[PDB]
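**Q** Have a look at this one before I ask anything.
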Amino acid sequence: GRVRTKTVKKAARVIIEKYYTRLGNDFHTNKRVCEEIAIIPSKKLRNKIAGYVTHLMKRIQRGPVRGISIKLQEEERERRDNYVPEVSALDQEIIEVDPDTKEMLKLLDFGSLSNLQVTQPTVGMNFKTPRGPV
Amino acid sequence: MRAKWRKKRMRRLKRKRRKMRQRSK
Amino acid sequence: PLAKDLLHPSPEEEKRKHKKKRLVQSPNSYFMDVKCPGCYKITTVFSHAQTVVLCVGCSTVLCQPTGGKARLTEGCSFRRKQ
Amino acid sequence: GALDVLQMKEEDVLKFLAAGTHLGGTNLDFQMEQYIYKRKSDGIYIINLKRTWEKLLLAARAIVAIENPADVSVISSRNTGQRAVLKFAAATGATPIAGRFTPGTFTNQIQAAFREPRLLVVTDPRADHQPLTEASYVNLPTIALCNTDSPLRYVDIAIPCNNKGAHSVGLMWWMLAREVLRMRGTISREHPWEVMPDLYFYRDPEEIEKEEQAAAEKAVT
Amino acid sequence: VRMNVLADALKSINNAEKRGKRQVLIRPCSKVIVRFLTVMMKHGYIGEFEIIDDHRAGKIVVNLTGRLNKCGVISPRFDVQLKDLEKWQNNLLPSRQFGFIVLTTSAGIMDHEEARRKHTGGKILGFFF
Amino acid sequence: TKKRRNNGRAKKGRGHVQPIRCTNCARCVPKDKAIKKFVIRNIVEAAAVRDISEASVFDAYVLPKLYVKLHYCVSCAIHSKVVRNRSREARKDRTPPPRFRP
Amino acid sequence: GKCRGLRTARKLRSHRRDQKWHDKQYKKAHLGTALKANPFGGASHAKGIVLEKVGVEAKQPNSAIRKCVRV
Amino acid sequence: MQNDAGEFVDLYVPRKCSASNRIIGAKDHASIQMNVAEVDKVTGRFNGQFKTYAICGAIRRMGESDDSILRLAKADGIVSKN
RNA sequence: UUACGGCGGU
RNA sequence: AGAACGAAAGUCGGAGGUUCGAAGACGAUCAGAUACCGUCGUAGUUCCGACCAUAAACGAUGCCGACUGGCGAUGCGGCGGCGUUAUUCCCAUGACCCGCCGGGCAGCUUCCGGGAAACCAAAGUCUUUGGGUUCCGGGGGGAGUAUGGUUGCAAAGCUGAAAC
Ligand SMILES: [Mg+2]
Ligand SMILES: [Zn+2]
C-alpha cells in the first residue's frame, strides 16, 4: 500500500530539478522547503511530496537519475568536453595487418609507403559455430 | 446429422426400394 | 542491382556459371597430353574420358573413368593443351 | 575526389587501420557486394577503403549542399556513437537526437520534438531502423554509415565503413566532421584539424577519474 | 516446349522493366522478334540492342530505357481487316493518341498506322505502349 | 481457415509415415505428428542418493541413468501438459524452452 | 483455363452448348419438362372452378390465417 | 500539352526520376529531391553551384538508392571514373 | 467420477 | 474413346490363427447405457490366388514453358580449394573444413506483386485482361436420389435428372 502515486511522483521531478541547491537529505527541513516553494493544497500530500523528494535527495547525489540540474549538467563536460589524451590510440607507430589487406592497399597505391608489418591470419576456417542443437 | 450417416441411412433406404420394387415382379 | 552490364562480364565471374546459361556457351572440357613413364609417344586423351584407355606400346592402364573427369593412374607427363 | 585536393592522403589511412574499419567477417548484404574486396582466410570480409573514401566525400558534399547548418538531423541509437553525434553537431552546428529515438518525432506535429529536417544521417541501419522508416514520409534523404550486414531500404548515400567497433565508429564521425568543415572555410586544408579524434570515442565506466588524476600529482597537487 | 517465342520475349521485357532495370536478356532469337523490336525502337520506347550471335538462335540484350508500360502479345494470331482494325484499337490501346498494335502484313512487319497508310490488312502480332 | 503452414505433421515429400501408438492412452498417430519427449531422469530420485551411499558397498558408484522416450497424442499432450495453448505471432518458432538445470 | 486458338471453335462451341444446361432460367425455358410442369402451360391466365375454401397459415415471423381457394 | 494551336494546355508537369524514370506523383512521399554540392578545381571549397537528383520512392523502398546515386553520379563529374 | 434440458414474436 | 496400378474396410477359395478385436455375451457406470470404462471373445486381421475401384486418395492447389528478390542451410552428384585427419612411413582415395554448378524436399524474411481477407516468391506476370492444353463449378435444398445404360459373385461403382 506504500506505492506512491503519479501526481506526487510528477510534482517531485518539477521541484528537485529546479531547486537542487535549495535542499538537503533531511525530511523535516525539506518539508518546510516544499510548502514555501509551491502551493500544496493540504498537509497530507505536503509531507508526502517531501518524502519522495528526500527519497531522491539521498539518491540523485549518487547515480544518474533524471537529474538535469546544473551541478550534474555541467559535470559531464569534464567527461565529454574534457579528456583529450596525450597519446593517440590512432598512433602506435606500428600496426599489424594481413597479407590480403596489403593487397588491398597495393592497388590503393600504398604498399611502399609506411611501415605496416603483417601478421597473417592463420590456417583455419574454424569460424561458424557447430550448428543445430548439439 | 452428419454427412456419412446421411449416406448410411439413405444407403440402407435405397437397398429397400431396390428390393420392394423387385418384390412386385 | 538494376543496371549490371550483363553483356560484358569479367570472365572469371563467367567462369563460375554453368556450361549452358552463359552469355555465350562454352564447354568445361579440354584435351590433355599423357606420356606413360618409359614410353615414346604423347597420348592426347580427352579429359572427361569414359573407357579404360590403352596405350600404344606399353599396354597398361592410361586413364580411369569416374563420375566427371577420368583419373590418370600414374603421375604422367601431363598438361592441358591448346 | 576528381582532384588531388580531395585524394586518399596515405597518412590518414594510418587512422583507418588504427580503427579497424576494414572489418566485417560474419557475412555481407547482397547490395554491398560492390564495396567488398574479398573474404579473408578467417571468413572475415575487408572493405576497399577507396570506396568508403569515395562515398564519404560524396556524403560530405550532401551536407554542404544543405544551406541551413542547423538542419541535418543527426541520429543514433547504439551506445558507441552517442558521444560522437552530440559533439559532431556541436562541431558543425547540426541537430542531434541521441539515445532512444522517440517514435513519431520527425512528423507528428503536436508535441515538442516536432523537428522537420531536410537531410538525415544515421549510425546503423538495422539498429536504428525506426528513423529510417519515418524519414521515408517527409521525402527526406538519409545517410547511413552501414556495415556489410545492415540493410539498405531507406538509405541513399550509405557509407560502407563499420558500425560496431568503438574506435571504428568514432573515427568515421571524425573523418566526416573534418571534411564537412573543410568544404566550408574552417580547416585550412593543408594544416591539419586540431580536434584529436580520441574525442569521439565511446565512454568507459567510471575507472576514468582514478587513472587520469593519478598522472596529475605533479601539475595540480 | 516453347510454343510462341515472341510471347516469351515480350514477357521477359514486361517483368524486367517494372523492376526499373536497364538491361534484359531474350534467349532464343527469330527473324520475327528482331523485326518486332525495331518497330518500338524506331518509335523509341527502347534503344540499342545486340543480337548475341551464336550459331543457333542467339540471345538478344535490349537496353531498356523507362518509357514503357506494357508490351504484351495477342497469342492467337488473328486476322484483322481494315473495317476491323478500329475495334482492335479501342479494345487494347490506352488512347487514340499513342501506343501501337503491330500486325505482320504481306509487305512487312508494320504498325497499325503504317498499315492503314499502306492500306493492307494482315495478321496481328502484338501490341506495345 | 488453414491454421498451420505445415499441417501439424512435419512431413513434406511423403505419403505415409509409420503410425506409432501413444504412450498413455494408446491412440494411433503418425510418427511426425506425435509430441516427442525424451527423459534421461536418474533412476534413484536424487533426494534418495545420500540415503543409499551409507548403505552402498561401493564408494564411487556411478548411479545408473534411466532412458524413456515418451511419444504422445496431441490430445493427451495438452491434458498432461507437455505443450500449451499459444498466440498467433508466437506460433512460428521451432525453438525449445530454456533448460535451467537447478 | 481455356484451350483458345484460332482453329478450335468447335471445342469452344460444344463446350458452351452444354455448359448452358447448368443455369436455371435458361433450363426452365428450353428443356421441355419444365414447360409441361406449370398448370397454366406457357400461358398467363386460366379459368377454373372453386372446389374448397382453405385458410393457410403465415410464415415464421408473422402469424395470420391467409385465405385461399382450391381452383 | 501542345494542342492543335500549340499552346501549353496542362495543369503542371510533374517530375520524373532518374533511377527508373517513372513519374513521381503528387502523393509519392518517399521520393527525395537531393542536392549534391560540387567544388571548384583549385581549392576544394563550395564554389556556389551544385547538382540535383530525384529518386522515386518505389525504387527507394526496393533497396538500391545507393546503387543508383553512385551510378547516376558516376557519369556526372564525380571522384572515380575508375 | 456424475453433471440432461430451457414455449413463439420484440 | 480406351487401358495400368490403386491404402483401409469388404466379398469368394486355401493355408495359418500369436496379438489386437466389428458383432456378441457379461460386469460397472448411469434416470436410462443397446455408449465411454472393465473381462471374455466371433468375423476380420497374417500369407497365397482371384475380385471390388472408393478415401479429408489433401499442398484441400491438372500438367507443361518462361521470366521475376535476397539469405542461411539440409539431400544427391560434379568441379576447385587453406588445412587437420585416416594404413597415411609420402602418393590416390574416404572423414571434416570453404566455395561454385546443376537437380530435389523444403526454410526464414521482404511493400516485386497479388488477394474478400487469412496468406502465397507463386495463389505473382490480370479492366496495362490473350505462353500451351485437359477436366470441371453457376444461390442453397430436393440429390449423388429417381429412371435407364453398363460393370459387379455380392456390397456397390461409373453416367445422372426433374417435379417441387
Ligand atoms: Mg463420420
Ligand atoms: Zn495420448
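Just remember, in the C-alpha cells the first chain shown is A, the second B, etc., residues are 1-based per chain, and ligands are 1-based in the order shown.
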Quick one: residues within 10 Å of range 18-32 of chain G, only C-alpha atoms (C1' of nucleotides) counted, chain neighbours fewer than 3 positions away excluded, as a list in words?
**A**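 Within the cut-off, the hits are residues 13, 14, 15, 35, 36, 37 and 42 of chain G; 137 and 138 of chain J.
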**Q** Would you mind writing down, as a PDB file with N, CA, C and O atoms, in the first residue's frame, each residue of chain F that DSSP on the backbone assigns to alpha helix (DSSP H)?
**A**
ATOM      1  N   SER F  75      -3.839 -34.993 -27.964  1.00  0.00           N
ATOM      2  CA  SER F  75      -4.931 -34.835 -27.012  1.00  0.00           C
ATOM      3  C   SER F  75      -4.458 -35.049 -25.582  1.00  0.00           C
ATOM      4  O   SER F  75      -4.856 -34.307 -24.678  1.00  0.00           O
ATOM      5  N   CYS F  76      -3.608 -36.046 -25.351  1.00  0.00           N
ATOM      6  CA  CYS F  76      -3.003 -36.255 -24.042  1.00  0.00           C
ATOM      7  C   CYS F  76      -1.639 -35.604 -23.921  1.00  0.00           C
ATOM      8  O   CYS F  76      -0.884 -35.946 -23.006  1.00  0.00           O
ATOM      9  N   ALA F  77      -1.300 -34.699 -24.833  1.00  0.00           N
ATOM     10  CA  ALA F  77      -0.148 -33.834 -24.643  1.00  0.00           C
ATOM     11  C   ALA F  77      -0.533 -32.558 -23.917  1.00  0.00           C
ATOM     12  O   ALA F  77       0.248 -32.038 -23.114  1.00  0.00           O
ATOM     13  N   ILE F  78      -1.736 -32.061 -24.182  1.00  0.00           N
ATOM     14  CA  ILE F  78      -2.215 -30.844 -23.543  1.00  0.00           C
ATOM     15  C   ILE F  78      -2.764 -31.147 -22.161  1.00  0.00           C
ATOM     16  O   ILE F  78      -2.519 -30.403 -21.206  1.00  0.00           O
TER      17      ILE F  78
END
**Q** List all protein, DNA and RNA residues that have an atom no more than 7 Å from any atom of ligand 2, counting only C-alpha atoms (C1' of nucleotides) and all ligand atoms, and report them as a tab-separated table (two decimals) with C-alpha atoms, in the first residue's frame.
**A**
chain	number	residue	atom	x	y	z
F	22	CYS	CA	0.55	-43.11	-27.93
F	23	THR	CA	2.19	-43.82	-24.65
F	24	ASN	CA	-0.53	-43.42	-22.03
F	25	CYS	CA	-3.81	-43.60	-23.99
F	26	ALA	CA	-2.52	-45.97	-26.72
F	27	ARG	CA	-4.05	-43.95	-29.58
F	72	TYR	CA	2.21	-38.53	-27.19
F	73	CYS	CA	-1.01	-37.95	-28.94
F	74	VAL	CA	-1.80	-34.26	-29.11
F	75	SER	CA	-4.93	-34.83	-27.01
F	76	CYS	CA	-3.00	-36.26	-24.04
F	77	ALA	CA	-0.15	-33.83	-24.64
**Q** Please list as a list in words every residue within 12 Å of residue 100 in chain A, counting only C-alpha atoms (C1' of nucleotides) and excluding residues in the same chain fewer than 6 positions away.
**A**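 These residues fall inside the cut-off: residues 106, 107, 111, 118, 119, 120 and 121 of chain A; 22, 37, 38, 39, 40, 41, 42, 44, 45, 46, 47 and 48 of chain D.
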**Q** Please, which residues have at least one atom within 12 Å of an atom of ligand 1, using only C-alpha atoms (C1' of nucleotides) and all ligand atoms, listed as a ChimeraX atom specification?
**A** /B:1-8 /J:55-56
**Q** Residues of chain C that have any atom at most 12 Å from an atom of chain D: could you tabulate them with the shortest-distance atom pair and the distance in Å to one decimal, using only C-alpha atoms, ordered by chain and increasing number, as a Markdown table?
**A**
| residue | atom | partner | partner_atom | distance |
| --- | --- | --- | --- | --- |
| C:1 | CA | D:31 | CA | 7.2 |
| C:2 | CA | D:31 | CA | 10.7 |
| C:4 | CA | D:34 | CA | 11.1 |
**Q** Got a sec to tell me which of chain F DSSP assigns to strand (DSSP E), as a list in words?
**A** residues 20, 21, 28, 29, 35, 36, 37, 38, 39, 68, 69, 70, 71 and 72 of chain F
**Q** Just the selected residues (N, CA, C and O atoms), exported as a compact mmCIF listing (two decimals), in the first residue's frame, please.
**A**
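Once written, again07.txt looks like this:
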# COMPACT_ATOMS: atom_id res chain seq x y z
N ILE F 20 2.62 -44.65 -35.14
CA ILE F 20 3.06 -45.13 -33.85
C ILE F 20 1.93 -44.93 -32.85
O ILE F 20 0.97 -44.20 -33.09
N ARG F 21 2.04 -45.58 -31.71
CA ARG F 21 0.93 -45.60 -30.77
C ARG F 21 1.30 -44.80 -29.53
O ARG F 21 2.42 -44.91 -29.04
N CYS F 28 -3.58 -44.19 -31.93
CA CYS F 28 -2.74 -44.30 -33.11
C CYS F 28 -2.57 -42.95 -33.78
O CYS F 28 -3.56 -42.35 -34.23
N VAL F 29 -1.33 -42.47 -33.85
CA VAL F 29 -0.99 -41.21 -34.51
C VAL F 29 0.19 -41.46 -35.44
O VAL F 29 0.93 -42.44 -35.27
N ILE F 35 3.89 -35.66 -30.19
CA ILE F 35 4.64 -34.77 -29.31
C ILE F 35 5.72 -35.59 -28.63
O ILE F 35 5.45 -36.31 -27.67
N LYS F 36 6.95 -35.47 -29.11
CA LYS F 36 8.03 -36.30 -28.62
C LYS F 36 8.61 -35.72 -27.35
O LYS F 36 8.60 -34.51 -27.14
N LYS F 37 9.09 -36.61 -26.48
CA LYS F 37 9.79 -36.20 -25.28
C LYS F 37 10.71 -37.33 -24.87
O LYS F 37 10.30 -38.49 -24.86
N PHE F 38 11.94 -36.99 -24.51
CA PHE F 38 12.97 -37.97 -24.19
C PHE F 38 13.47 -37.67 -22.78
O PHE F 38 13.91 -36.55 -22.51
N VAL F 39 13.41 -38.66 -21.89
CA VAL F 39 13.61 -38.43 -20.47
C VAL F 39 14.83 -39.21 -20.00
O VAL F 39 14.84 -40.45 -20.04
N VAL F 68 13.80 -43.28 -21.08
CA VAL F 68 12.45 -43.46 -21.57
C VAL F 68 12.19 -42.40 -22.63
O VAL F 68 12.47 -41.22 -22.40
N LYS F 69 11.67 -42.81 -23.78
CA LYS F 69 11.13 -41.86 -24.74
C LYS F 69 9.61 -41.91 -24.68
O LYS F 69 8.99 -42.91 -25.03
N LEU F 70 9.02 -40.81 -24.23
CA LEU F 70 7.58 -40.64 -24.27
C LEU F 70 7.20 -40.05 -25.62
O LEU F 70 7.81 -39.08 -26.07
N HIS F 71 6.19 -40.62 -26.27
CA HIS F 71 5.65 -40.06 -27.50
C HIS F 71 4.14 -40.03 -27.40
O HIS F 71 3.51 -41.05 -27.12
N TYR F 72 3.56 -38.85 -27.61
CA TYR F 72 2.21 -38.53 -27.19
C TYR F 72 1.27 -38.37 -28.37
O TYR F 72 1.68 -38.07 -29.49
**Q** Could you list, as a PyMOL selection string, the residues of chain H having an atom within 12 Å of chain E when counting only C-alpha atoms?
**A** chain H and resi 3+16-23+56+58-64+68
